[PDB]
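One chain comes next, on its own, written out as structure tokens in the form deposited in one PDB entry.
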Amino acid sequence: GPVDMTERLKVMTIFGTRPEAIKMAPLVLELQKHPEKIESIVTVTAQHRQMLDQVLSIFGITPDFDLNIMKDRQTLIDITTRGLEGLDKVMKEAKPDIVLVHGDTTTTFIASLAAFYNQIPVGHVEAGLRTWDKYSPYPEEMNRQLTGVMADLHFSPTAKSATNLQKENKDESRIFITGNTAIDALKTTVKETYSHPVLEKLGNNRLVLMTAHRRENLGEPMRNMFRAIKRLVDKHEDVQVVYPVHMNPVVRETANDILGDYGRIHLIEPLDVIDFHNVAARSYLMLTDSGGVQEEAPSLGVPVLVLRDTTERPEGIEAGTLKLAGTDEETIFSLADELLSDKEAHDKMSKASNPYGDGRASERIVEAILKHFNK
């Protein structure tokens, strides 16, 4: 009943961005369920500031350490050096027994590097996703490869991601298939009774929900996307597009330039994860280049056109929910037009399934970690 604090494994979770925070929040909550076995320490780089805080506030997570590294229009070098120097300091102070990193951000990479530089084991949550193209996604494909060679334990969401690691000669006895913790989060946010102003001003129109921020999509590719979206809106009078625009000033310039003040297109601030998941669940069609949206959509049964030349979510393609659209204006327009015009085409994409698991990934991760240390 009382908590004995005297014999605990120090587990440090490290992340710095909105998507990492959403996917790591369930894991933090799960670590906290084992207070006599685990001292759970949360460290954030704050590679993101506002969009990170948005997530921390929903889950009620106060970091033990916060490096506050974000700069305006920061470079990959800014994040790499500020993150590394700060994390090395945190690790020397707290001396964790294992560092847990997530996915494929630059934070993921330098968190892994800092752990290695202190000879601290690394557990890679969301391990083994691949496009095999180091310039798509850039720099995320490289971040998850780099992290891959540093990690001591690999928590693969799916059988294919496990296979990817096996094919790279990782230790088979260090690879575990858990499901994606995205689903752990999703099952607690979605809810039957829900309203939002976006959904108020819709009337009985069909909602197209969009997000766009991939680094390699900046500039020409996003302009192509946005012009296709205006043409869809021109053609389909009963559609409203809602775009919670990423905080990157570059994205915002392009968004404002092409879509600003256009009727039935609503550029809004980033939604918190409860609002976003619930609005997504109630959407007719999503247009996105987001990674997490690709894992969430199948469970919601909501068709998604992926606005990239690659994806590392092949399981959502196989589920029917996801379709790769590329970044060419005419091709995006054509594919989106067919889904908004042809109900049978839409029907093929709207069967709900759970290719990314049952929302119990976090339990499995904590178990694996304890067993690894014989704790």
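A residue's number is simply how far along the shown sequence it sits, counting from 1. Only residues modelled in both forms are compared. The term rigid core refers to the maximal set of C-alpha atoms that superpose within 1.5 Å between the two forms.
Not on display, but discussed next: the form deposited in another entry.
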query: Any idea which of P96, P221, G103, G123 has its C-alpha shifted 2 Å or more between this form and the one not shown with the rigid core fixed?
result: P221
query: Does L146 count as moved between this form and the one not shown, where moved means a C-alpha shift of 2 angstroms or more after fitting the rigid core?
result: no
- prompt: Is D309 among the residues whose Cα moves by 2 Å or more between this form and the one not shown after superposition of the rigid core?
  reply: yes
task: Taking the rigid core as the superposition reference, indicate whether the CA of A325 shifts 2 angstroms or more between this form and the one not shown.
output: yes
task: Kindly list the runs, ordered along the sequence, of 3+ consecutive residues whose C-alpha shifts are all 2 Å or more between this form and the one not shown once the two forms are aligned on their core.
output: 47 to 62, 186 to 272, 276 to 353
